[PDB]
Structures are given as C-alpha cells and as structure tokens.
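The block underneath contains the structure these notes are about, expressed in structure tokens.
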Amino acid sequence: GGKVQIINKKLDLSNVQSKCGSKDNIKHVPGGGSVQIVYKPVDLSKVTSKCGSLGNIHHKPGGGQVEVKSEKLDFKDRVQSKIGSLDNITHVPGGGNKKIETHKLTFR
Amino acid sequence: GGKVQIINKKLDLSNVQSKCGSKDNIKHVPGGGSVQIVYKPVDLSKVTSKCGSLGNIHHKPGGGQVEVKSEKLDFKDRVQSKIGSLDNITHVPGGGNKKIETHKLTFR
Amino acid sequence: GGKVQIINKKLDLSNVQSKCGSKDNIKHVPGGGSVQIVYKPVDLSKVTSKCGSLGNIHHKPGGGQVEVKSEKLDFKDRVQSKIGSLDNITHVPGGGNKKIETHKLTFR
Amino acid sequence: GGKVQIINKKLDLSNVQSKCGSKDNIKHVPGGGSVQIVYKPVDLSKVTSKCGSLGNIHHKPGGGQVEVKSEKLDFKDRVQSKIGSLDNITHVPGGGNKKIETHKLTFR
Amino acid sequence: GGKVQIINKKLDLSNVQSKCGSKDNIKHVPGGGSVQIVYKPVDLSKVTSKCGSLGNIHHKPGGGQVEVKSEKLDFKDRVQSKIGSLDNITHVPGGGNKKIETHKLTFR
C-alpha cells in the first residue's frame with residue numbers, strides 16, 4: 001500500500017557534455033624496418049551523458065522473479081612462438097658512412 | 001504503507017562536463033629498426049555526466065526476487081616463446097662513420 | 001508506515017567538471033633499435049560528474065530479495081620465455097667514428 | 001513509523017572541479033638500443049565530482065534482504081624467463097672515437 | 001517513531017576543487033642502451049570533490065539485512081628468472097676516445 005511519489009516542477013537543465021580521446025593502435029610511423037604489433041586491444045568503455053533521465057521502473061510486489069544480467073569474456077592466450085623477432089638488420093639514416101657490415105654465421 | 005515522496009521545484013542546473021584523454025598504443029614513431037609491442041590493452045573505463053538524473057526505481061514489498069548482475073573477464077596468458085627479440089642490428093643515424101661491423105658466429 | 005520525504009526548492013547548481021589525462025602506451029619515439037613492450041595495460045577507471053542526481057530508489061518492506069553485483073577479472077600470467085631480449089646491437093648516433101666492432105662467438 | 005525528512009531550500013552551488021594527470025607508459029624516447037618494459041599497469045582510479053547529489057535511497061523495514069557487491073581481481077604472475085635482457089651492445093653517441101670493440105666468446 | 005529531520009535553507013557553496021599530478025611510467029628518456037622496467041603499477045586512487053552532497057539514505061527498522069561490500073585483489077608474484085640483466089655494454093657519449101675494449105670469455 002506504500003506510495004512512491006516523485007514530483008518535478010520547473011526544471012531547467014543544460015550543458016551536459018562528455019568527451020573521450022582517440023584510441024589509435026598504429027599511427028604516424030615515418031620510420032621503416034621496425035616491428036610494431038598491437039595484440040588483442042579489448043575495449044569495453046562507455047561515454048554517457050544523462051540529463052533528467054530515469055532508469056528502469058519496477059513494480060513487483062511479492063514477485064520472486066529471477067533476473068540475470070551477465071557479461072562473460074574469455075580470450076585466454078597460450079603463445080608457443082615468437083611474436084616479434086627482428087634480426088640481421090642494417091639501419092643507416094645518415095649519409096657518407098662507409099663499410100657497414102652485418103654477419104650471422106650459424107653452423108648447426 | 002510507508003510513503004517515499006520526493007519533490008523537486010524550480011531547479012536550475014547547468015555546465016556538467018567530463019573529459020578524458022586519448023589512449024594511443026603506438027603513435028609518432030619516426031625511428032626504425034625497433035620492436036614495439038602492446039600486449040592485451042584491456043579497457044573498462046566509463047566517462048559519465050549525470051545532471052538531474054535518477055537511477056532505477058523499485059517497488060517490491062515482500063518480493064524475494066533474485067537479481068544477479070555479474071561481469072566476468074578471463075584472459076589468463078601462458079607464454080612459452082620470446083615476445084620481443086631483436087638481434088644482429090646496426091643502427092647508425094650519424095654520417096661519416098667507417099668500418100661498422102657486427103658478427104654472430106654460433107657453431108652449434 | 002514511516003515516511004521518507006525529501007523536498008528540494010529553488011536549487012541553482014552549475015560548473016560541475018571532471019578532467020582526466022591521456023593514457024598512451026608508446027608515443028613519440030624518434031629513436032630506433034630499441035625494444036619497447038607494454039604488457040597487459042588493464043584500466044577500470046571512471047571519470048564521473050554528478051549534478052543534482054539521485055541513485056537507485058528502493059521500496060522493499062520485508063522483501064528478502066537476494067541481489068548480487070560482482071565483477072571478476074582473472075588474467076593470471078605464467079611466462080616461460082624471454083619478453084624483451086636485445087643482443088648484438090651497434091648504435092652510433094655520432095659521426096666520424098672508426099672501427100666499431102661487435103662480436104658474439106658461441107661454440108655450443 | 002519514524003519519518004526521515006530532508007528539506008533543501010534556496011541552495012546555490014557552483015565551481016565543482018576535479019582534475020587528474022596523464023598516465024603514459026612509454027613516451028618521448030629519443031634514445032635507441034634500450035629495453036623499456038611496462039608490465040601489467042592496472043588502474044582502478046576514479047575522478048568524481050558530486051554537486052548536490054544523493055546516493056541510493058532504501059526503504060526496507062524488516063527486509064532481511066541479502067545484498068553483495070564484490071570486485072575480485074586475480075592476476076598472479078609466475079615468471080620463469082628473463083623479462084629484459086640486453087647484451088653485446090655498443091652505444092656511441094659521440095664522434096671521432098676509434099677502435100671500439102665488444103666481444104663475447106662463450107665456449108659451452 | 002523517532003524522526004530524523006534535516007533542514008537546509010539559503011546555502012551558498014562555491015570553489016570546490018581537487019587536483020592530482022601525472023602518473024607516468026617511462027617518459028623523456030634521451031639515453032640509450034639502458035634497461036627500464038616498470039613492474040605491476042597498481043593504482044586504486046580516487047580524486048573526489050563533494051559539494052552539498054549526501055550519501056546513501058537507509059530506512060530499515062528491524063531489517064536484519066546482510067550487506068557485503070568487498071574488494072579483493074590477488075596478484076602474488078613468484079619470480080624464477082632475471083628481470084633486468086644488462087651485460088657486455090660499451091657506452092661512450094664522448095668523442096676522441098681510442099681503443100675501448102670489452103671482453104667476456106666464459107669457458108663452461
């Protein structure tokens with residue numbers, strides 16, 4: 001028999017803002033010969049702006065209802081190999097250099 | 001029989017702002033020959049702005065209801081290999097250098 | 001039979017602001033030949049701005065309801081390999097250097 | 001039968017601000033040939049600004065309700081390999097140097 | 001039957017500010033050939049600004065309700081390998097040096 005009464009009269013709301021930055025993986029790479037790896041970028045963000053808003057309204061006297069709201073994420077990883085491997089690289093941004101040598105003699 | 005009464009009269013709200021910075025993994029890399037790895041960037045942030053807003057309204061006298069709200073994240077990792085391995089690299093940004101040598105003699 | 005009465009009259013609220021900085025993993029790297037690894041950056045932050053807002057309203061006399069709100073994160077890691085390994089590297093930003101030598105003679 | 005009465009009349013609130021700094025892992029690295037590793041940066045911060053806001057309102061006389069709000073984070077780590085290993089490196093930012101030598105003779 | 005009455009009349013609040021500094025792991029590293037490791041930076045800070053705000057309102061005469069609010073963090077670590085190991089390194093920022101030698105003769 002209880003009464004839940006909400007009265008709103010003459011409400012003036014304004015200027016509700018929310019801002020988020022950029023999310024770039026690889027961007028503005030003038031260099032070369034590099035190894036850049038972005039592995040599993042998982043995002044569950046939320047940028048929300050609520051102005052005079054109400055949530056769910058429930059009127060369940062003696063209900064007994066079962067409500068389940070679940071979010072499951074399963075992305076377990078098991079690495080058995082090299083992710084980023086760079087070898088035998090000569091990188092000379094300069095000029096006029098002489099006799100730049102790299103060697104890799106593997107006798108298995 | 002209890003009464004929950006809320007009265008709002010002549011409310012003036014303004015200038016509700018929320019800001020967040022950028023989230024960049026790899027950006028502005030003029031260099032070369034490097035190994036850059038971003039592994040599993042997981043984000044669950046939330047930038048919210050509430051202005052005169054109300055949450056969920058529940059009227060459940062003697063309900064007995066079961067409500068479950070769960071969030072499960074399972075991304076366990078098991079690494080059995082090199083993530084970032086750089087070897088046998090010559091990096092000469094300068095100029096005029098002479099006789100730059102690198103050697104790797106592995107006799108297995 | 002108890003009454004919960006809240007009365008708000010002639011409320012003037014303004015200038016509610018919240019700011020957060022940027023979250024960059026790898027950014028502005030002019031150098032080369034380096035190994036940069038960002039491993040599992042997990043974020044659960046929240047930047048919120050509340051202005052004259054109310055939470056959940058519950059009217060449950062003698063309810064007995066069971067409410068569960070859980071957040072579970074399981075990302076245990078078990079490393080059995082090198083994450084960042086740099087070897088046999090010559091890095092000469094200068095100029096005019098002569099006879100720069102690196103050697104690695106492994107006889108297994 | 002008890003009454004919880006709250007009356008707010010002619011309230012003027014303003015200038016509610018909260019600021020947080022940037023959270024950068026790797027940024028502004030002009031050097032090269034280095035090993036930089038950021039391992040599991042976990043963030044659970046919260047920058048909030050509340051202006052004339054109210055929390056959850058509960059009216060549960062003789063309820064007996066069970067409410068559980070839990071947050072569990074399990075990311076135990078067990079390292080069995082080198083995280084950052086740099087060897088056999090020549091780094092000469094200067095100029096005019098002569099006969100710079102590095103050697104590693106491992107006879108296993 | 002007890003009454004909890006709170007009356008607020010003609011309240012003028014202003015200039016509520018809270019500031020926090022930046023939290024950077026690795027930043028502004030012009031040097032090279034170094035090993036920089038930031039291991040498990042865990043943050044649970046909170047920068048809050050409350051201006052004329054009220055907390056949760058509870059009206060539970062003879063309730064017997066069980067409320068649990070727990071936060072559990074378990075990230076125990078067990079290291080069985082070198083975290084940062086730098087060896088066989090020549091670092092000469094100067095110029096004009098002659099006959100700089102490094103040797104490592106391991107006969108296992």
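By order of appearance in the structure tokens: chains A, B, ..., then residues from 1 within every chain, and ligands from 1 in the order shown.
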Requested in this report: Would you list, as an MDAnalysis selection string, the residues of chain D that end up in strand (DSSP E or B) under DSSP run on this structure's backbone?
Outcome: chainID D and resid 4:13 16:19 26:27 35:39 42:43 46:51 57:59 66:74 77 84:91 98:102 105:107
Output the selection as a PDB file, in the first residue's frame - C-alpha atoms for each residue.
ATOM      1  CA  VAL D   4      13.117  10.824   7.692  1.00  0.00           C
ATOM      2  CA  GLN D   5      12.504  14.340   6.358  1.00  0.00           C
ATOM      3  CA  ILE D   6      15.113  16.350   4.440  1.00  0.00           C
ATOM      4  CA  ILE D   7      14.276  19.871   3.245  1.00  0.00           C
ATOM      5  CA  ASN D   8      16.533  21.902   0.942  1.00  0.00           C
ATOM      6  CA  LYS D   9      15.528  25.481   0.120  1.00  0.00           C
ATOM      7  CA  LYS D  10      17.415  28.157  -1.847  1.00  0.00           C
ATOM      8  CA  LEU D  11      20.700  26.331  -2.428  1.00  0.00           C
ATOM      9  CA  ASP D  12      23.306  27.876  -4.747  1.00  0.00           C
ATOM     10  CA  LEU D  13      26.293  25.641  -5.521  1.00  0.00           C
ATOM     11  CA  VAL D  16      32.900  21.853  -8.556  1.00  0.00           C
ATOM     12  CA  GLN D  17      36.038  20.654 -10.347  1.00  0.00           C
ATOM     13  CA  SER D  18      38.333  17.634 -10.188  1.00  0.00           C
ATOM     14  CA  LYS D  19      41.482  17.104 -12.250  1.00  0.00           C
ATOM     15  CA  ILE D  26      56.317   4.959 -22.677  1.00  0.00           C
ATOM     16  CA  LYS D  27      56.538   8.441 -24.219  1.00  0.00           C
ATOM     17  CA  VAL D  35      64.891  -2.094 -23.387  1.00  0.00           C
ATOM     18  CA  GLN D  36      61.775  -0.490 -21.886  1.00  0.00           C
ATOM     19  CA  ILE D  37      59.076  -2.790 -20.497  1.00  0.00           C
ATOM     20  CA  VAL D  38      55.890  -1.778 -18.673  1.00  0.00           C
ATOM     21  CA  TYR D  39      54.410  -4.922 -17.134  1.00  0.00           C
ATOM     22  CA  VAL D  42      46.466  -1.989 -13.543  1.00  0.00           C
ATOM     23  CA  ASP D  43      44.318   1.083 -12.860  1.00  0.00           C
ATOM     24  CA  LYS D  46      38.047   7.262 -10.080  1.00  0.00           C
ATOM     25  CA  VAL D  47      37.832  11.035 -10.543  1.00  0.00           C
ATOM     26  CA  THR D  48      34.358  12.132  -9.458  1.00  0.00           C
ATOM     27  CA  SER D  49      32.670  15.478  -8.860  1.00  0.00           C
ATOM     28  CA  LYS D  50      29.395  15.480  -6.923  1.00  0.00           C
ATOM     29  CA  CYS D  51      27.343  18.673  -6.613  1.00  0.00           C
ATOM     30  CA  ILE D  57      17.523   5.601  -1.147  1.00  0.00           C
ATOM     31  CA  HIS D  58      16.379   2.449   0.656  1.00  0.00           C
ATOM     32  CA  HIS D  59      13.082   1.879   2.491  1.00  0.00           C
ATOM     33  CA  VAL D  66      20.991 -10.129   1.156  1.00  0.00           C
ATOM     34  CA  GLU D  67      22.989  -7.663  -0.956  1.00  0.00           C
ATOM     35  CA  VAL D  68      26.511  -8.498  -2.151  1.00  0.00           C
ATOM     36  CA  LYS D  69      28.707  -6.074  -4.109  1.00  0.00           C
ATOM     37  CA  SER D  70      32.135  -7.606  -4.710  1.00  0.00           C
ATOM     38  CA  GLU D  71      35.040  -6.832  -7.029  1.00  0.00           C
ATOM     39  CA  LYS D  72      37.651  -9.560  -7.490  1.00  0.00           C
ATOM     40  CA  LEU D  73      40.898  -9.192  -9.443  1.00  0.00           C
ATOM     41  CA  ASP D  74      43.251 -12.186  -9.709  1.00  0.00           C
ATOM     42  CA  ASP D  77      52.184 -13.936 -12.157  1.00  0.00           C
ATOM     43  CA  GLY D  84      64.542  -7.675 -20.039  1.00  0.00           C
ATOM     44  CA  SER D  85      67.955  -8.898 -21.216  1.00  0.00           C
ATOM     45  CA  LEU D  86      70.324  -6.662 -23.195  1.00  0.00           C
ATOM     46  CA  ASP D  87      73.800  -7.905 -24.107  1.00  0.00           C
ATOM     47  CA  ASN D  88      76.578  -7.331 -26.654  1.00  0.00           C
ATOM     48  CA  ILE D  89      75.701  -3.641 -27.211  1.00  0.00           C
ATOM     49  CA  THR D  90      77.882  -0.771 -28.424  1.00  0.00           C
ATOM     50  CA  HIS D  91      76.352   2.687 -27.914  1.00  0.00           C
ATOM     51  CA  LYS D  98      88.339   4.901 -32.803  1.00  0.00           C
ATOM     52  CA  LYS D  99      88.578   1.129 -32.261  1.00  0.00           C
ATOM     53  CA  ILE D 100      85.506   0.436 -30.136  1.00  0.00           C
ATOM     54  CA  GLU D 101      85.371  -3.313 -29.535  1.00  0.00           C
ATOM     55  CA  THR D 102      82.943  -5.692 -27.854  1.00  0.00           C
ATOM     56  CA  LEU D 105      83.294 -15.750 -26.508  1.00  0.00           C
ATOM     57  CA  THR D 106      81.177 -18.436 -24.835  1.00  0.00           C
ATOM     58  CA  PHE D 107      82.569 -21.961 -25.352  1.00  0.00           C
TER      59      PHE D 107
END
With all Cα atoms paired residue by residue, do a least-squares superposition of chain A on chain E and hand back the transformed coordinates as a CSV table (one decimal) with N, CA and C atoms, in the first residue's frame.
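For reference, out02.csv as written:
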chain,number,residue,atom,x,y,z
A,1,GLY,N,9.5,5.4,16.0
A,1,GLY,CA,8.7,6.6,15.9
A,1,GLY,C,9.6,7.8,15.9
A,2,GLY,N,10.9,7.6,16.0
A,2,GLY,CA,11.8,8.7,16.0
A,2,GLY,C,11.9,9.4,14.6
A,3,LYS,N,12.1,10.7,14.6
A,3,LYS,CA,12.1,11.5,13.4
A,3,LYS,C,13.5,12.1,13.2
A,4,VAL,N,14.1,11.8,12.0
A,4,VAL,CA,15.4,12.4,11.6
A,4,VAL,C,15.1,13.5,10.6
A,5,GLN,N,15.1,14.8,11.1
A,5,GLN,CA,14.8,15.9,10.3
A,5,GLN,C,16.0,16.7,10.0
A,6,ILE,N,16.3,17.0,8.8
A,6,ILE,CA,17.4,17.9,8.4
A,6,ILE,C,16.9,19.0,7.5
A,7,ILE,N,17.1,20.2,7.8
A,7,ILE,CA,16.6,21.4,7.1
A,7,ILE,C,17.8,22.2,6.7
A,8,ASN,N,17.9,22.5,5.4
A,8,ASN,CA,18.9,23.4,4.8
A,8,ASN,C,18.3,24.6,4.1
A,9,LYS,N,18.6,25.8,4.5
A,9,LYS,CA,18.0,27.0,4.0
A,9,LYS,C,19.0,28.0,3.7
A,10,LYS,N,19.0,28.5,2.4
A,10,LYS,CA,19.9,29.6,2.0
A,10,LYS,C,21.4,29.2,2.2
A,11,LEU,N,21.8,28.2,1.4
A,11,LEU,CA,23.2,27.8,1.4
A,11,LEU,C,23.8,28.2,0.1
A,12,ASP,N,25.0,28.8,0.3
A,12,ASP,CA,25.8,29.3,-0.9
A,12,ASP,C,27.2,28.7,-0.8
A,13,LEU,N,27.5,27.6,-1.6
A,13,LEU,CA,28.7,27.0,-1.6
A,13,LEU,C,29.4,27.1,-3.0
A,14,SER,N,30.7,27.3,-3.0
A,14,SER,CA,31.4,27.5,-4.3
A,14,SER,C,32.9,27.1,-4.1
A,15,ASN,N,33.6,27.0,-5.2
A,15,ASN,CA,35.0,26.8,-5.3
A,15,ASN,C,35.4,25.5,-4.6
A,16,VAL,N,34.9,24.4,-5.1
A,16,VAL,CA,35.3,23.1,-4.6
A,16,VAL,C,36.2,22.5,-5.7
A,17,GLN,N,37.5,22.3,-5.4
A,17,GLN,CA,38.5,21.9,-6.4
A,17,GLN,C,39.4,20.8,-5.8
A,18,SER,N,39.8,19.8,-6.6
A,18,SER,CA,40.7,18.8,-6.2
A,18,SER,C,41.6,18.5,-7.4
A,19,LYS,N,42.9,18.4,-7.2
A,19,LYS,CA,43.9,18.2,-8.3
A,19,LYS,C,44.8,17.1,-7.9
A,20,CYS,N,45.2,16.3,-8.9
A,20,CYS,CA,46.2,15.3,-8.8
A,20,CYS,C,47.2,15.4,-9.9
A,21,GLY,N,48.5,15.0,-9.6
A,21,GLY,CA,49.5,15.0,-10.5
A,21,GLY,C,49.5,13.8,-11.5
A,22,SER,N,50.4,13.9,-12.5
A,22,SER,CA,50.5,12.9,-13.5
A,22,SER,C,51.2,11.7,-12.9
A,23,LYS,N,50.9,10.5,-13.5
A,23,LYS,CA,51.5,9.2,-13.2
A,23,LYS,C,52.0,8.6,-14.4
A,24,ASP,N,53.3,8.9,-14.7
A,24,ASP,CA,53.9,8.4,-15.9
A,24,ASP,C,54.9,7.3,-15.5
A,25,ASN,N,54.9,6.2,-16.3
A,25,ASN,CA,55.8,5.1,-16.0
A,25,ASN,C,57.2,5.4,-16.6
A,26,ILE,N,57.3,5.5,-17.9
A,26,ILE,CA,58.6,5.8,-18.6
A,26,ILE,C,58.3,7.0,-19.5
A,27,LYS,N,59.1,8.1,-19.3
A,27,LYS,CA,58.9,9.3,-20.1
A,27,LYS,C,60.1,10.2,-20.2
A,28,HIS,N,60.5,10.7,-21.3
A,28,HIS,CA,61.6,11.6,-21.5
A,28,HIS,C,62.9,10.9,-21.2
A,29,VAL,N,63.2,9.9,-22.1
A,29,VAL,CA,64.4,9.1,-21.9
A,29,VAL,C,65.3,9.4,-23.2
A,30,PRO,N,66.1,10.4,-23.2
A,30,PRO,CA,67.1,10.6,-24.3
A,30,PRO,C,68.2,9.6,-24.4
A,31,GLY,N,68.5,8.9,-23.3
A,31,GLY,CA,69.6,8.0,-23.3
A,31,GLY,C,69.2,6.7,-23.9
A,32,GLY,N,70.2,5.9,-24.3
A,32,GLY,CA,70.1,4.6,-24.9
A,32,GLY,C,70.9,3.5,-24.3
A,33,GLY,N,70.6,2.3,-24.6
A,33,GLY,CA,71.3,1.2,-24.1
A,33,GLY,C,71.0,0.8,-22.6
A,34,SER,N,70.0,1.4,-22.1
A,34,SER,CA,69.6,1.2,-20.7
A,34,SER,C,68.4,0.2,-20.6
A,35,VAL,N,68.2,-0.4,-19.4
A,35,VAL,CA,67.1,-1.3,-19.2
A,35,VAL,C,66.2,-0.6,-18.2
A,36,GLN,N,65.0,-0.3,-18.6
A,36,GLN,CA,64.0,0.3,-17.7
A,36,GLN,C,62.7,-0.5,-17.7
A,37,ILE,N,62.4,-1.0,-16.5
A,37,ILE,CA,61.3,-1.9,-16.3
A,37,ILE,C,60.4,-1.4,-15.2
A,38,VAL,N,59.1,-1.2,-15.5
A,38,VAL,CA,58.1,-0.9,-14.5
A,38,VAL,C,57.2,-2.1,-14.4
A,39,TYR,N,57.2,-2.7,-13.2
A,39,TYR,CA,56.6,-4.0,-13.0
A,39,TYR,C,55.3,-3.8,-12.1
A,40,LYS,N,54.2,-4.1,-12.6
A,40,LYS,CA,52.9,-4.1,-11.9
A,40,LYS,C,52.6,-2.8,-11.2
A,41,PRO,N,52.4,-1.7,-11.9
A,41,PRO,CA,52.0,-0.5,-11.2
A,41,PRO,C,50.5,-0.5,-11.0
A,42,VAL,N,50.0,-0.8,-9.8
A,42,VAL,CA,48.6,-0.9,-9.4
A,42,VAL,C,48.2,0.3,-8.7
A,43,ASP,N,47.1,0.9,-9.2
A,43,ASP,CA,46.5,2.2,-8.7
A,43,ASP,C,45.1,2.0,-8.3
A,44,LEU,N,44.7,2.4,-7.1
A,44,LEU,CA,43.4,2.4,-6.6
A,44,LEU,C,43.0,3.8,-6.0
A,45,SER,N,43.6,4.9,-6.6
A,45,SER,CA,43.4,6.2,-6.0
A,45,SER,C,42.0,6.7,-6.4
A,46,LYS,N,41.6,7.8,-5.8
A,46,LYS,CA,40.3,8.4,-6.0
A,46,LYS,C,40.4,9.9,-5.7
A,47,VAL,N,40.2,10.8,-6.7
A,47,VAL,CA,40.1,12.2,-6.5
A,47,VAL,C,38.7,12.6,-6.6
A,48,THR,N,38.1,13.0,-5.5
A,48,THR,CA,36.7,13.4,-5.5
A,48,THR,C,36.5,14.8,-4.9
A,49,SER,N,35.4,15.4,-5.4
A,49,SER,CA,35.0,16.7,-4.9
A,49,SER,C,33.5,16.7,-4.6
A,50,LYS,N,33.1,16.8,-3.4
A,50,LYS,CA,31.7,16.8,-3.0
A,50,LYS,C,31.3,18.1,-2.5
A,51,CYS,N,30.2,18.7,-3.0
A,51,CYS,CA,29.7,20.0,-2.7
A,51,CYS,C,28.2,19.9,-2.4
A,52,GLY,N,27.9,19.9,-1.1
A,52,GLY,CA,26.5,19.8,-0.7
A,52,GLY,C,25.8,18.5,-1.1
A,53,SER,N,26.6,17.4,-1.1
A,53,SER,CA,26.1,16.1,-1.5
A,53,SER,C,25.8,15.2,-0.3
A,54,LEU,N,24.9,14.3,-0.4
A,54,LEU,CA,24.5,13.4,0.7
A,54,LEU,C,24.8,12.0,0.3
A,55,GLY,N,25.0,11.1,1.2
A,55,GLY,CA,25.3,9.7,1.0
A,55,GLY,C,24.0,8.9,0.9
A,56,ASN,N,24.2,7.6,1.0
A,56,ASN,CA,23.0,6.7,0.9
A,56,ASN,C,22.1,6.9,2.1
A,57,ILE,N,20.8,6.9,1.8
A,57,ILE,CA,19.7,7.1,2.9
A,57,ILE,C,19.1,5.7,3.1
A,58,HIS,N,19.1,5.2,4.3
A,58,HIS,CA,18.6,3.9,4.7
A,58,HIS,C,17.5,4.1,5.8
A,59,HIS,N,16.3,3.5,5.5
A,59,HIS,CA,15.3,3.4,6.5
A,59,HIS,C,14.8,2.0,6.6
A,60,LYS,N,15.5,1.2,7.5
A,60,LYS,CA,15.3,-0.2,7.7
A,60,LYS,C,15.1,-0.5,9.2
A,61,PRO,N,14.0,-0.2,9.8
A,61,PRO,CA,13.7,-0.6,11.2
A,61,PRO,C,13.5,-2.1,11.3
A,62,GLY,N,14.3,-2.7,12.1
A,62,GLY,CA,14.2,-4.1,12.4
A,62,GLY,C,14.5,-5.0,11.1
A,63,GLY,N,15.4,-4.5,10.3
A,63,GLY,CA,15.6,-5.2,9.0
A,63,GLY,C,16.2,-6.6,9.1
A,64,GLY,N,17.4,-6.6,9.7
A,64,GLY,CA,18.2,-7.9,9.6
A,64,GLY,C,18.9,-8.2,8.3
A,65,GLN,N,18.9,-7.2,7.4
A,65,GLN,CA,19.5,-7.4,6.1
A,65,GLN,C,21.0,-7.6,6.2
A,66,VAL,N,21.6,-8.4,5.3
A,66,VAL,CA,23.0,-8.7,5.3
A,66,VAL,C,23.6,-8.0,4.0
A,67,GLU,N,24.5,-7.0,4.2
A,67,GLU,CA,25.1,-6.3,3.2
A,67,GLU,C,26.6,-6.5,3.2
A,68,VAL,N,27.1,-6.9,2.1
A,68,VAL,CA,28.6,-7.1,2.0
A,68,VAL,C,29.1,-6.3,0.8
A,69,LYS,N,30.1,-5.5,1.0
A,69,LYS,CA,30.8,-4.8,0.0
A,69,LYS,C,32.3,-5.0,0.1
A,70,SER,N,32.8,-5.9,-0.7
A,70,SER,CA,34.2,-6.3,-0.6
A,70,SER,C,35.0,-6.1,-1.9
A,71,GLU,N,36.3,-5.8,-1.8
A,71,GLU,CA,37.1,-5.6,-2.9
A,71,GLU,C,38.4,-6.4,-2.7
A,72,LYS,N,38.6,-7.4,-3.5
A,72,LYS,CA,39.7,-8.4,-3.3
A,72,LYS,C,40.7,-8.3,-4.5
A,73,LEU,N,41.9,-8.1,-4.2
A,73,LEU,CA,43.0,-8.0,-5.3
A,73,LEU,C,44.1,-9.0,-4.9
A,74,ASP,N,44.3,-10.0,-5.8
A,74,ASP,CA,45.3,-11.1,-5.5
A,74,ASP,C,46.2,-11.2,-6.7
A,75,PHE,N,47.4,-10.6,-6.7
A,75,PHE,CA,48.4,-10.6,-7.8
A,75,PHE,C,49.7,-11.0,-7.2
A,76,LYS,N,49.8,-12.0,-6.4
A,76,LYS,CA,51.1,-12.5,-5.9
A,76,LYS,C,52.0,-13.0,-7.0
A,77,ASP,N,53.3,-12.7,-6.9
A,77,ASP,CA,54.2,-12.9,-7.9
A,77,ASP,C,55.3,-13.9,-7.4
A,78,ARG,N,55.8,-14.7,-8.3
A,78,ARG,CA,56.9,-15.7,-7.9
A,78,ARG,C,57.9,-15.7,-9.1
A,79,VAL,N,58.9,-14.9,-8.9
A,79,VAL,CA,59.9,-14.8,-10.0
A,79,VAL,C,61.0,-15.9,-9.9
A,80,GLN,N,61.3,-16.5,-11.0
A,80,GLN,CA,62.3,-17.6,-11.0
A,80,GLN,C,63.2,-17.3,-12.2
A,81,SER,N,63.2,-16.0,-12.7
A,81,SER,CA,64.2,-15.6,-13.8
A,81,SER,C,64.6,-14.1,-13.7
A,82,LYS,N,65.7,-13.8,-14.3
A,82,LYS,CA,66.2,-12.4,-14.2
A,82,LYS,C,65.2,-11.4,-14.8
A,83,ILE,N,65.0,-10.3,-14.1
A,83,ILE,CA,64.0,-9.3,-14.6
A,83,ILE,C,64.8,-8.3,-15.5
A,84,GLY,N,65.9,-7.8,-15.0
A,84,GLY,CA,66.7,-6.9,-15.8
A,84,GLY,C,68.1,-7.2,-15.8
A,85,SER,N,68.7,-7.7,-16.9
A,85,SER,CA,70.1,-8.1,-17.0
A,85,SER,C,70.7,-7.5,-18.2
A,86,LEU,N,71.7,-6.6,-17.9
A,86,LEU,CA,72.5,-5.9,-19.0
A,86,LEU,C,73.9,-6.3,-18.8
A,87,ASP,N,74.5,-6.8,-19.9
A,87,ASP,CA,75.9,-7.2,-19.8
A,87,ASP,C,76.6,-7.0,-21.2
A,88,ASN,N,77.9,-6.9,-21.2
A,88,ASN,CA,78.7,-6.7,-22.4
A,88,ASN,C,78.3,-5.4,-23.1
A,89,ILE,N,78.4,-4.3,-22.5
A,89,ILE,CA,77.9,-3.0,-23.0
A,89,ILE,C,79.0,-2.0,-23.0
A,90,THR,N,79.2,-1.3,-24.1
A,90,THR,CA,80.1,-0.2,-24.2
A,90,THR,C,79.3,1.1,-24.5
A,91,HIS,N,79.4,2.1,-23.6
A,91,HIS,CA,78.6,3.3,-23.7
A,91,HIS,C,79.6,4.5,-23.7
A,92,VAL,N,79.8,5.1,-24.8
A,92,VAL,CA,80.8,6.2,-24.9
A,92,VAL,C,80.1,7.5,-25.5
A,93,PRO,N,79.5,8.3,-24.6
A,93,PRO,CA,78.9,9.6,-25.1
A,93,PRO,C,80.0,10.5,-25.6
A,94,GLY,N,81.2,10.4,-25.1
A,94,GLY,CA,82.3,11.3,-25.5
A,94,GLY,C,82.8,11.0,-26.9
A,95,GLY,N,83.8,11.9,-27.3
A,95,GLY,CA,84.4,11.8,-28.6
A,95,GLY,C,85.9,11.9,-28.5
A,96,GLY,N,86.6,11.2,-29.4
A,96,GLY,CA,88.0,11.2,-29.4
A,96,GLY,C,88.7,10.0,-28.6
A,97,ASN,N,87.9,9.3,-27.9
A,97,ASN,CA,88.4,8.1,-27.2
A,97,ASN,C,88.9,7.0,-28.1
A,98,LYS,N,90.0,6.4,-27.7
A,98,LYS,CA,90.6,5.4,-28.6
A,98,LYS,C,90.8,4.1,-27.8
A,99,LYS,N,90.6,2.9,-28.5
A,99,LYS,CA,90.8,1.6,-28.0
A,99,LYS,C,90.0,1.3,-26.7
A,100,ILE,N,88.7,1.3,-26.9
A,100,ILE,CA,87.8,1.0,-25.9
A,100,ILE,C,87.4,-0.5,-26.1
A,101,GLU,N,87.7,-1.3,-25.1
A,101,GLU,CA,87.6,-2.8,-25.3
A,101,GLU,C,86.7,-3.4,-24.2
A,102,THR,N,85.9,-4.3,-24.5
A,102,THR,CA,85.1,-5.1,-23.6
A,102,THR,C,85.2,-6.6,-24.0
A,103,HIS,N,85.4,-7.5,-23.0
A,103,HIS,CA,85.6,-8.9,-23.3
A,103,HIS,C,84.8,-9.7,-22.2
A,104,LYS,N,84.3,-10.9,-22.7
A,104,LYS,CA,83.6,-11.8,-21.8
A,104,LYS,C,83.9,-13.2,-22.3
A,105,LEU,N,84.9,-13.8,-21.7
A,105,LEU,CA,85.4,-15.2,-22.2
A,105,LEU,C,84.9,-16.2,-21.1
A,106,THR,N,83.8,-16.8,-21.4
A,106,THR,CA,83.2,-17.8,-20.5
A,106,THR,C,83.4,-19.2,-21.1
A,107,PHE,N,84.2,-20.0,-20.5
A,107,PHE,CA,84.6,-21.4,-21.0
A,107,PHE,C,83.9,-22.4,-20.0
A,108,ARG,N,82.7,-22.7,-20.3
A,108,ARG,CA,81.9,-23.7,-19.5
A,108,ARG,C,82.1,-25.1,-20.0
